[PDB]
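K.L.:
This one's a deposited entry, sequence included:
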Amino acid sequence: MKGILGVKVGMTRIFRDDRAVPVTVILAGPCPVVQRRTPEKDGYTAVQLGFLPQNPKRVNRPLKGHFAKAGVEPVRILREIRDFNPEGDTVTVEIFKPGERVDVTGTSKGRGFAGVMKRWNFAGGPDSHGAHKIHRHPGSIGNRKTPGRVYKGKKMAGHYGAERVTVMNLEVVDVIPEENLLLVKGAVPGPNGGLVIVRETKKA
Amino acid sequence: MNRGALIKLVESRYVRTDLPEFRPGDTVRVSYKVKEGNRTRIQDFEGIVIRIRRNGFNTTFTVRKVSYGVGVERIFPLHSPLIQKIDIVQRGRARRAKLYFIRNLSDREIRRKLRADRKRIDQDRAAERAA
Amino acid sequence: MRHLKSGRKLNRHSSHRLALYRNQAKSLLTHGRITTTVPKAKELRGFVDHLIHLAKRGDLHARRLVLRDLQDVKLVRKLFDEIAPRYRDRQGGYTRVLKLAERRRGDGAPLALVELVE
Amino acid sequence: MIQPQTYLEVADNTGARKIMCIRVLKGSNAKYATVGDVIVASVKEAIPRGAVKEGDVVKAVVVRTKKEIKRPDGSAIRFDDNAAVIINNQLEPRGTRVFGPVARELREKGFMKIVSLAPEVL
Amino acid sequence: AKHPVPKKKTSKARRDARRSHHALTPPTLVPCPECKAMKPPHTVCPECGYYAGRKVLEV
RNA sequence: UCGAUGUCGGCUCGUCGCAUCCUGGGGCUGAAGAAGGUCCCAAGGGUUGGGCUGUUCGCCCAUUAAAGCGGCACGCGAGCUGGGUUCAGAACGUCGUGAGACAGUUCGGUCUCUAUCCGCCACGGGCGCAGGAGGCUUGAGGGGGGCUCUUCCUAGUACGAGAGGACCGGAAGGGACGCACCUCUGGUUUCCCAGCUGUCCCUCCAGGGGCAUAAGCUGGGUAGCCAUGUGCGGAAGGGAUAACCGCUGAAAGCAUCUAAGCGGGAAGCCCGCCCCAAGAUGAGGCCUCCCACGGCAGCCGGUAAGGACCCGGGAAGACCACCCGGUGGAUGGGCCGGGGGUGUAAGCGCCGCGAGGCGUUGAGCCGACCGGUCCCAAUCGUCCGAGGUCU
RNA sequence: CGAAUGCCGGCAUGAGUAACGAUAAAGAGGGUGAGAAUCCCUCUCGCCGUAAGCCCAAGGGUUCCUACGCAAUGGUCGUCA
RNA sequence: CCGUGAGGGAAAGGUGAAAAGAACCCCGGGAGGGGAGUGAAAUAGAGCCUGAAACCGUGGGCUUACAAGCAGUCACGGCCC
Ligand SMILES: [Mg+2]
Ligand SMILES: [Mg+2]
Ligand SMILES: [Mg+2]
Ligand SMILES: [Mg+2]
Ligand SMILES: [Mg+2]
Ligand SMILES: [Mg+2]
Ligand SMILES: [Mg+2]
Ligand SMILES: [Mg+2]
Ligand SMILES: [Mg+2]
Ligand SMILES: [Mg+2]
Ligand SMILES: [Mg+2]
Ligand SMILES: [Mg+2]
Ligand SMILES: [Mg+2]
Ligand SMILES: [Mg+2]
Ligand SMILES: [Mg+2]
Ligand SMILES: [Mg+2]
Ligand SMILES: [Mg+2]
Ligand SMILES: [Mg+2]
Ligand SMILES: [Mg+2]
Ligand SMILES: [Mg+2]
Ligand SMILES: [Mg+2]
Ligand SMILES: [Mg+2]
Ligand SMILES: [Mg+2]
Ligand SMILES: [Mg+2]
Ligand SMILES: [Mg+2]
Ligand SMILES: [Mg+2]
Ligand SMILES: [Mg+2]
Ligand SMILES: [Mg+2]
Ligand SMILES: [Mg+2]
Ligand SMILES: [Mg+2]
Ligand SMILES: [Mg+2]
Ligand SMILES: [Mg+2]
Ligand SMILES: [Mg+2]
Ligand SMILES: [Mg+2]
Ligand SMILES: [Mg+2]
Ligand SMILES: [Mg+2]
Ligand SMILES: [Mg+2]
Ligand SMILES: [Mg+2]
Ligand SMILES: [Mg+2]
Ligand SMILES: [Mg+2]
Ligand SMILES: [Mg+2]
Ligand SMILES: [Mg+2]
Ligand SMILES: [Mg+2]
Ligand SMILES: [Mg+2]
Ligand SMILES: [Mg+2]
Ligand SMILES: [Mg+2]
Ligand SMILES: [Mg+2]
Ligand SMILES: [Mg+2]
Ligand SMILES: [Mg+2]
Ligand SMILES: [Mg+2]
Ligand SMILES: [Mg+2]
Ligand SMILES: [Mg+2]
Ligand SMILES: [Mg+2]
Ligand SMILES: [Mg+2]
Ligand SMILES: [Mg+2]
Ligand SMILES: [Mg+2]
Ligand SMILES: [Mg+2]
Ligand SMILES: [Mg+2]
Ligand SMILES: [Mg+2]
Ligand SMILES: [Mg+2]
Ligand SMILES: [Mg+2]
Ligand SMILES: [Mg+2]
Ligand SMILES: [Mg+2]
Ligand SMILES: [Mg+2]
Ligand SMILES: [Mg+2]
Ligand SMILES: [Mg+2]
Ligand SMILES: [Mg+2]
Ligand SMILES: [Mg+2]
Ligand SMILES: [Mg+2]
Ligand SMILES: [Mg+2]
Ligand SMILES: [Mg+2]
Ligand SMILES: [Mg+2]
Ligand SMILES: [Mg+2]
Ligand SMILES: [Mg+2]
Ligand SMILES: [Mg+2]
Ligand SMILES: [Mg+2]
Ligand SMILES: [Mg+2]
Ligand SMILES: [Mg+2]
Ligand SMILES: [Mg+2]
Ligand SMILES: [Mg+2]
Ligand SMILES: [Mg+2]
Ligand SMILES: [Mg+2]
Ligand SMILES: [Mg+2]
Ligand SMILES: [Mg+2]
Ligand SMILES: [Mg+2]
Ligand SMILES: [Mg+2]
Ligand SMILES: [Mg+2]
Ligand SMILES: [Mg+2]
Ligand SMILES: [Mg+2]
Ligand SMILES: [Mg+2]
Ligand SMILES: [Mg+2]
Ligand SMILES: [Mg+2]
Ligand SMILES: [Mg+2]
Ligand SMILES: [Mg+2]
Ligand SMILES: [Mg+2]
Ligand SMILES: [Mg+2]
Ligand SMILES: [Mg+2]
Ligand SMILES: [Mg+2]
Ligand SMILES: [Mg+2]
Ligand SMILES: [Mg+2]
Ligand SMILES: [Mg+2]
Ligand SMILES: [Mg+2]
Ligand SMILES: [Mg+2]
Ligand SMILES: [Mg+2]
Ligand SMILES: [Mg+2]
Ligand SMILES: [Mg+2]
Ligand SMILES: [Mg+2]
Ligand SMILES: [Mg+2]
Ligand SMILES: [Mg+2]
Ligand SMILES: [Mg+2]
Ligand SMILES: [Mg+2]
Ligand SMILES: [Mg+2]
Ligand SMILES: [Mg+2]
Ligand SMILES: [Mg+2]
Ligand SMILES: [Mg+2]
Ligand SMILES: [Mg+2]
Ligand SMILES: [Mg+2]
Ligand SMILES: [Mg+2]
Ligand SMILES: [Mg+2]
Ligand SMILES: [Mg+2]
Ligand SMILES: [Mg+2]
Ligand SMILES: [Mg+2]
Ligand SMILES: [Mg+2]
Ligand SMILES: [Mg+2]
Ligand SMILES: [Mg+2]
Ligand SMILES: [Mg+2]
Ligand SMILES: [Mg+2]
Ligand SMILES: [Mg+2]
Ligand SMILES: [Mg+2]
Ligand SMILES: [Mg+2]
Ligand SMILES: [Mg+2]
Ligand SMILES: [Mg+2]
Ligand SMILES: [Mg+2]
Ligand SMILES: [Mg+2]
Ligand SMILES: [Mg+2]
Ligand SMILES: [Mg+2]
Ligand SMILES: [Mg+2]
Ligand SMILES: [Mg+2]
Ligand SMILES: [Mg+2]
Ligand SMILES: [Mg+2]
Ligand SMILES: [Mg+2]
Ligand SMILES: [Mg+2]
Ligand SMILES: [Mg+2]
Ligand SMILES: [Mg+2]
Ligand SMILES: [Mg+2]
Ligand SMILES: [Mg+2]
Ligand SMILES: [Mg+2]
Ligand SMILES: [Mg+2]
Ligand SMILES: [Mg+2]
Ligand SMILES: [Mg+2]
Ligand SMILES: [Mg+2]
Ligand SMILES: [Mg+2]
Ligand SMILES: [Mg+2]
Ligand SMILES: [Mg+2]
Ligand SMILES: [Mg+2]
Ligand SMILES: [Mg+2]
Ligand SMILES: [Mg+2]
Ligand SMILES: [Mg+2]
Ligand SMILES: [Mg+2]
Ligand SMILES: [Mg+2]
Ligand SMILES: [Mg+2]
Ligand SMILES: [Mg+2]
Ligand SMILES: [Mg+2]
Ligand SMILES: [Mg+2]
Ligand SMILES: [Mg+2]
Ligand SMILES: [Mg+2]
Ligand SMILES: [Mg+2]
Ligand SMILES: [Mg+2]
Ligand SMILES: [Mg+2]
Ligand SMILES: [Mg+2]
Ligand SMILES: [Mg+2]
Ligand SMILES: [Mg+2]
Ligand SMILES: [Mg+2]
Ligand SMILES: [Mg+2]
Ligand SMILES: [Mg+2]
Ligand SMILES: [Mg+2]
Ligand SMILES: [Mg+2]
Ligand SMILES: [Mg+2]
Ligand SMILES: [Mg+2]
Ligand SMILES: [Mg+2]
Ligand SMILES: [Mg+2]
Ligand SMILES: [Mg+2]
Ligand SMILES: [Mg+2]
Ligand SMILES: [Mg+2]
Ligand SMILES: [Zn+2]
């Protein structure tokens, strides 16, 4: 279940066989294994990867310490790749060949406290024929006296975006080892320069 | 890091430097590759470039022609591998970036608004005289 | 949703804000130091510094630009003659914004001062 | 992007001139019909003594939209008119000719003859 | 709208409880290195017009 | 319930029932095949757009896998509407000597900014999880999602006189819905550029500013936020089952799917997939860090590891919270190069009586986008914060 | 007296909540003063101009001027009225 | 004060025997208070006899952050007097 931590640079498109392929580029490598989870010691299999070197002045003792036991230089970010055990001390996009498939994770853009026509695609009310201050309102949230209550999981206006989103089965279009760049066809969540995980796909 | 460069680096392998320079108001002929049955032919298409949207690699220019009684516009990725070539055929002197108004003008009225661009013409003829 | 937008609104429409920055430029390029609000200042740095920096080029054209926002000529003449010169070797930053500890009584507005740089 | 109410110019020698789309024949609830797709529409303005006539309910494929249509090569295409060619339930054009260009997508989707009778394919 | 209005008076406890967040967080003060008079960080000392070690104001 | 429980239809938003309209799995069939009919299992998902009418309903047009019926005060007016109806006006038909009446028809007719409590959508503060901290995690348990059509191959084969035309298996392309993204297509883009009219002004010309909207009009318009645009998803697979189909098999020498026992078998139940989540007080686990401080399971005081306040800010955001940075520094603002937009500035010179045109010139101006540079400001600091109870 | 949507008065809740009366608009400097976004002066910006400017008449009745004041009225503040 | 008018129609008492009604000093612009002083008494200080209740606040003792409820009653237990 290979995977790699990385940041989102941006997305353009390229040409491949007289065809335009939208791509999003990711600065995946290079991630050093700073710890290996185990079933006996921790009770489960994974690999804690590091990504983005960090200025030691901003790194504190317990962190500095943990980076020691792994003989690992400091770093900015720490995420795990469950059920994954690389044979070596360092992970790189080389683990991905072109034409493969991956599931991508990113902290989606944040739309703030967004409305109901925006978070839940409602249709609100008409813009005429007598609409009285409801042009973007939801409607009715319940029945009457039975049940005489509102449902849980109900759809209402609220914070929307800036939440973890995992996109799946994307296409490895190309990998640029020279720079640790993974090209994946499709849309990847989150803003540019945001963090993303690139885990092997679970689809078939 | 720099996000721009990397992006520019991925594009760097698909950028063209053989296509000629041109402007809205110019008349252009774009030898374009086309697939059909079952081979591939090069279909020319000649019209006033009414719109060069720019973004380095993502620059795309809009060419407009009037084909048999119907007005057709079409979009071309300036760095597409389909374009065999591009021949200039006239330097029009549009006094504007986008020519959205010649969609409603007559073939005549369009001629008054885009009388030739003498300058970018001799300038052309200025070259072309290699050794 | 305000993703990647620079330049506040200061509760003022398209022009009252333009007149504000200007009317703060005039009243700054005149006295060296005024005492406004922390925000009004912050957004007045960039507006001015562009003005002076054109004063540094001093060419005919610039004067006519800067003079749109400032109108007054004597002031502008004070800009290209006196101020602008003491800034030629300086690369940007012609203004300094500092905040005052004591807070306005009427509305507790946070005070800060904007001054021309040495 | 053709939907009900959308008048369409006609590019053949049926006698009809303009038709109001009333249904896209492309699924249970498709929203719009584009180049190469088939629709059912009314005859809202034809010529005298022609094959069709103001009122008939007919089938016809859309050949030319005013909304550009994208392509796998990045390119696009947009015509100044929305046009269709009246056809029969076997996709054959009930006309003997066609007028103006047509979109190279039509061939893809089984309308060989029209593509042949069209003066310029794009 | 139909003029919403409370069905019951709010108990003392129920209001005084809702006010467990009305505590004023006292102002952040620090000493001025040249007059030692307390004042907020990041402001031009109102007691001696000093800031960044240099003079800036009359007081 | 008349010191008021507002009553039809629609819009919006759902959710449940299953006597199932569709998709799925079966038995019988006057089931050859394809396509139908009739009962049984199944409520996961779906169940279009229109014309008439206030209408529910019904009829009709075009479609479809199908265009299901019903409950939630004939769901839903402190959520909207207000066509019907059901105050006062007016009129028609009818009844009444009349005043007036009928619900029969007809045109018109005030629908009330502020949510205390439960409830719901999101977000914090406090505390607690026996030492105190900084990070990374298990996932009990919840939520989300679950749809379907078409065409080619099998094959014009099995079947059938013929028209028509399969099961099983294998590919390809769509529709509606959903999550996210902004390369392309397409919108906005409040002062990024330019053009233009009338008026007042600076400075007479020239060049400019104000106002004409809360941009004066117009033509263009980066970033950002967007969809019509783009990528992706429904699954595969494993397990247990429903209606049905059996293996072996007594009772009951035959027979029987069951009484002992073992199989096959649904879009449905369980897991798998996406998201949340240890307040999971059953408060879990792992890595690193700190320590065994003074005075008298408690108190007071000073530190450690750490954090908080303060500040510069951010596609994070109502405040708060979260994320980055604070001179050991590229966080914001300015300056510089690039991108980008507008599309050839002012000034001078030449042609023209003149409005103008030409060259200097893709020139000048120039917000947000990708980077560099300590010029400007995040100066200087303060306050909390362990001594780890008992068997 | 414990109730009459009772009568007079006092004090609570909703609550530090809506709102603070036209979206024509504000910015800096100097002075004053115990105290200033709110008063005076100065410059810049905006706003009415068949008026939001100038007269007369009804009506109001000392609100006009000046000096000294800010508890109360001013929907904030007030050294202003 | 309400109403054009006939007409309607309030609320509002108390220091002390005697002002002997708080000079003077102190913080403050003032209001207000802190000592001094008067008085038998000053939470009789003029916003004054007595000063209840709602209502508001400060300090203290017990108690509360896995609980559920007409809030109370019975039993027990822990802490405080
Ligand atoms: Mg990237
Ligand atoms: Mg992440
Ligand atoms: Mg946001
Ligand atoms: Mg959404
Ligand atoms: Mg929407
Ligand atoms: Mg709608
Ligand atoms: Mg409507
Ligand atoms: Mg709408
Ligand atoms: Mg209304
Ligand atoms: Mg409205
Ligand atoms: Mg609603
Ligand atoms: Mg209701
Ligand atoms: Mg109930
Ligand atoms: Mg959030
Ligand atoms: Mg490639
Ligand atoms: Mg980029
Ligand atoms: Mg590089
Ligand atoms: Mg032409
Ligand atoms: Mg080629
Ligand atoms: Mg907005
Ligand atoms: Mg920014
Ligand atoms: Mg901003
Ligand atoms: Mg601005
Ligand atoms: Mg701001
Ligand atoms: Mg304005
Ligand atoms: Mg304006
Ligand atoms: Mg700038
Ligand atoms: Mg402050
Ligand atoms: Mg035609
Ligand atoms: Mg007819
Ligand atoms: Mg051809
Ligand atoms: Mg209402
Ligand atoms: Mg209303
Ligand atoms: Mg109530
Ligand atoms: Mg109480
Ligand atoms: Mg209390
Ligand atoms: Mg409360
Ligand atoms: Mg002093
Ligand atoms: Mg009742
Ligand atoms: Mg009743
Ligand atoms: Mg009621
Ligand atoms: Mg009642
Ligand atoms: Mg049944
Ligand atoms: Mg079925
Ligand atoms: Mg079936
Ligand atoms: Mg039969
Ligand atoms: Mg048969
Ligand atoms: Mg059959
Ligand atoms: Mg059957
Ligand atoms: Mg169902
Ligand atoms: Mg259903
Ligand atoms: Mg219908
Ligand atoms: Mg209609
Ligand atoms: Mg009916
Ligand atoms: Mg009938
Ligand atoms: Mg059919
Ligand atoms: Mg069927
Ligand atoms: Mg009923
Ligand atoms: Mg009924
Ligand atoms: Mg009802
Ligand atoms: Mg209702
Ligand atoms: Mg209503
Ligand atoms: Mg209703
Ligand atoms: Mg009505
Ligand atoms: Mg009616
Ligand atoms: Mg009726
Ligand atoms: Mg009625
Ligand atoms: Mg009547
Ligand atoms: Mg009559
Ligand atoms: Mg009659
Ligand atoms: Mg009658
Ligand atoms: Mg009678
Ligand atoms: Mg009668
Ligand atoms: Mg009657
Ligand atoms: Mg009647
Ligand atoms: Mg009317
Ligand atoms: Mg009526
Ligand atoms: Mg209304
Ligand atoms: Mg009311
Ligand atoms: Mg509430
Ligand atoms: Mg309740
Ligand atoms: Mg919490
Ligand atoms: Mg907390
Ligand atoms: Mg952290
Ligand atoms: Mg565990
Ligand atoms: Mg639970
Ligand atoms: Mg679970
Ligand atoms: Mg065959
Ligand atoms: Mg045979
Ligand atoms: Mg199949
Ligand atoms: Mg599909
Ligand atoms: Mg972009
Ligand atoms: Mg775009
Ligand atoms: Mg675009
Ligand atoms: Mg400007
Ligand atoms: Mg003058
Ligand atoms: Mg003049
Ligand atoms: Mg002029
Ligand atoms: Mg003016
Ligand atoms: Mg004006
Ligand atoms: Mg307005
Ligand atoms: Mg303007
Ligand atoms: Mg446009
Ligand atoms: Mg843009
Ligand atoms: Mg769409
Ligand atoms: Mg799909
Ligand atoms: Mg048998
Ligand atoms: Mg047997
Ligand atoms: Mg058995
Ligand atoms: Mg089995
Ligand atoms: Mg079994
Ligand atoms: Mg079997
Ligand atoms: Mg099984
Ligand atoms: Mg399926
Ligand atoms: Mg998580
Ligand atoms: Mg925990
Ligand atoms: Mg439990
Ligand atoms: Mg723990
Ligand atoms: Mg902020
Ligand atoms: Mg920090
Ligand atoms: Mg520091
Ligand atoms: Mg920086
Ligand atoms: Mg910078
Ligand atoms: Mg720049
Ligand atoms: Mg550039
Ligand atoms: Mg450019
Ligand atoms: Mg020129
Ligand atoms: Mg020039
Ligand atoms: Mg001359
Ligand atoms: Mg010439
Ligand atoms: Mg530039
Ligand atoms: Mg450096
Ligand atoms: Mg520095
Ligand atoms: Mg100790
Ligand atoms: Mg009684
Ligand atoms: Mg009442
Ligand atoms: Mg009452
Ligand atoms: Mg009541
Ligand atoms: Mg009373
Ligand atoms: Mg508040
Ligand atoms: Mg509230
Ligand atoms: Mg509120
Ligand atoms: Mg408010
Ligand atoms: Mg205006
Ligand atoms: Mg304002
Ligand atoms: Mg001032
Ligand atoms: Mg002053
Ligand atoms: Mg003031
Ligand atoms: Mg004051
Ligand atoms: Mg004001
Ligand atoms: Mg006039
Ligand atoms: Mg008089
Ligand atoms: Mg009066
Ligand atoms: Mg007077
Ligand atoms: Mg006063
Ligand atoms: Mg006062
Ligand atoms: Mg006052
Ligand atoms: Mg007052
Ligand atoms: Mg006042
Ligand atoms: Mg008032
Ligand atoms: Mg005074
Ligand atoms: Mg005075
Ligand atoms: Mg009266
Ligand atoms: Mg009177
Ligand atoms: Mg009376
Ligand atoms: Mg009296
Ligand atoms: Mg007495
Ligand atoms: Mg005194
Ligand atoms: Mg004093
Ligand atoms: Mg004093
Ligand atoms: Mg006194
Ligand atoms: Mg006293
Ligand atoms: Mg005494
Ligand atoms: Mg005695
Ligand atoms: Mg006594
Ligand atoms: Mg007493
Ligand atoms: Mg007493
Ligand atoms: Mg007495
Ligand atoms: Mg008393
Ligand atoms: Mg008292
Ligand atoms: Mg207490
Ligand atoms: Mg429990
Ligand atoms: Mg407890
Ligand atoms: Mg007991
Ligand atoms: Zn100081």
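P.N.:
That came through, no problem. Residues are numbered from 1 along each chain as shown, chains lettered A, B, ... in the order given. Ligands and ions are numbered 1, 2, ... in the order given.
K.L.:
For chain B, list the residues in contact with chain A, please.
P.N.:
Within chain B, the residues that sit near chain A (Cβ under 8 Å from any Cβ of the partner chain) are B:1, B:3-4, B:6-7, B:9-11, B:13-14, B:33, B:35, B:57-58, B:77, B:80-82. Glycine gets a C-beta too; all of them are placed from N, C-alpha and C.
K.L.:
Pick out the residue of chain E closest to chain B.
P.N.:
Residue nearest to chain B within chain E (Cβ to the nearest Cβ): residue E:42, separated by 31.7 Å.
K.L.:
Equivalent analysis for chain C, please.
P.N.:
Closest point on chain C to chain B, by Cβ to the nearest Cβ, is residue C:4, at 13.8 Å.
K.L.:
count of residues packed around that residue?
P.N.:
5 (other Cβ atoms under 10 Å in any protein chain shown).
K.L.:
Contact partners for it?
P.N.:
By Cβ atoms under 8 Å, 6 or more residues apart in numbering or on different chains, the contact set of residue C:4 is empty.
K.L.:
how would you label it: helix, strand or coil?
P.N.:
Following DSSP: H, G, I helix; E, B strand; the rest coil, the label given to residue C:4 is coil.
K.L.:
Just give the closest residue to residue 92, not the sequence neighbours.
P.N.:
Going with chain A. Spatial nearest neighbour of residue A:92, excluding adjacent residues (Cβ to Cβ, 6 or more residues apart in numbering or on different chains): residue A:29 at 4.0 Å.
K.L.:
not what I meant, chain D
P.N.:
Nearest to residue D:92 is residue D:113, by Cβ to Cβ, 6+ apart, at 6.8 Å.
K.L.:
ok, which stretches of the chain are helices?
P.N.:
Reading this off chain A. With DSSP state H, the ranges of helices along chain A come out as A:61-69, A:116-119.
K.L.:
try again with chain E
P.N.:
Under DSSP H, chain E gives helices at E:12-18.
K.L.:
what does chain B give?
P.N.:
B:3-12, B:107-113, B:119-126.
K.L.:
Turn those into a markdown table, including mean neighbour count.
P.N.:
Formatted as a markdown table, the helices of chain B follow (neighbours: other Cβ atoms under 10 Å in any protein chain shown):
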| stretch | mean neighbour count |
| --- | --- |
| helix B:3-12 | 16 |
| helix B:107-113 | 12 |
| helix B:119-126 | 12 |
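K.L.:
Relative to residue A:186, which of these is closest?
P.N.:
helix B:3-12 (15.2 Å; Cβ to Cβ).
K.L.:
near chain D at all, the closest one?
P.N.:
No - judged by Cβ under 8 Å from any Cβ, helix B:3-12 and chain D are separated, with a smallest distance of 13.4 Å.
K.L.:
sorry, back to before: can you give me phi and psi for the residue nearest to residue A:92?
P.N.:
phi -70, psi 170 (degrees, to the nearest 10).
K.L.:
now it: how far from residue A:93?
P.N.:
According to Cβ to Cβ, to the nearest Å, residue A:29 stands 5 Å off from residue A:93.
K.L.:
overlap in contacts of the two?
P.N.:
With Cβ under 8 Å, 6+ apart, residue A:29 and residue A:93 have common neighbours A:4, A:177, A:180.
K.L.:
Could you give the number of residues near the closest residue to ligand 13 within chain E?
P.N.:
The nearest approach of chain E to ligand 13 comes at residue E:7, 18.2 Å away (Cβ to the ion). Counted with other Cβ under 10 Å, the neighbours of residue E:7 add up to 5.
K.L.:
same check, this time on the one 4 residues further on
P.N.:
As a burial measure, residue E:11 scores 9 neighbours (other Cβ under 10 Å).
K.L.:
And the residue of chain C closest to chain B, how close does it get to residue B:39?
P.N.:
48 Å.
K.L.:
Can you tell me how far residue D:59 is from residue D:3?
P.N.:
Counting by Cβ to Cβ, the gap from residue D:59 to residue D:3 is 16 Å.
K.L.:
wait, residue B:90
P.N.:
Where residue D:3 is concerned, residue B:90 sits at a distance of 40 Å (Cβ to Cβ).
K.L.:
do the same with residue A:106
P.N.:
Residue A:106 is 36 Å from residue D:3, by Cβ to Cβ.
K.L.:
So for those two, which residue has more residues nearby?
P.N.:
residue A:106 (24 against 14).
K.L.:
from chain D, which residue is nearest to ligand 7?
P.N.:
Closest point on chain D to ligand 7, by Cβ to the ion, is residue D:5, at 16.8 Å.
K.L.:
The closest residue to that residue other than its chain neighbours: what's it in contact with?
P.N.:
Nearest residue to residue D:5 in three dimensions, chain neighbours excluded: residue D:20, at 6.4 Å (Cβ to Cβ, 6+ apart). The contact partners of residue D:20, taken as Cβ under 8 Å, 6+ apart, are D:4-8, D:41-42, D:44.
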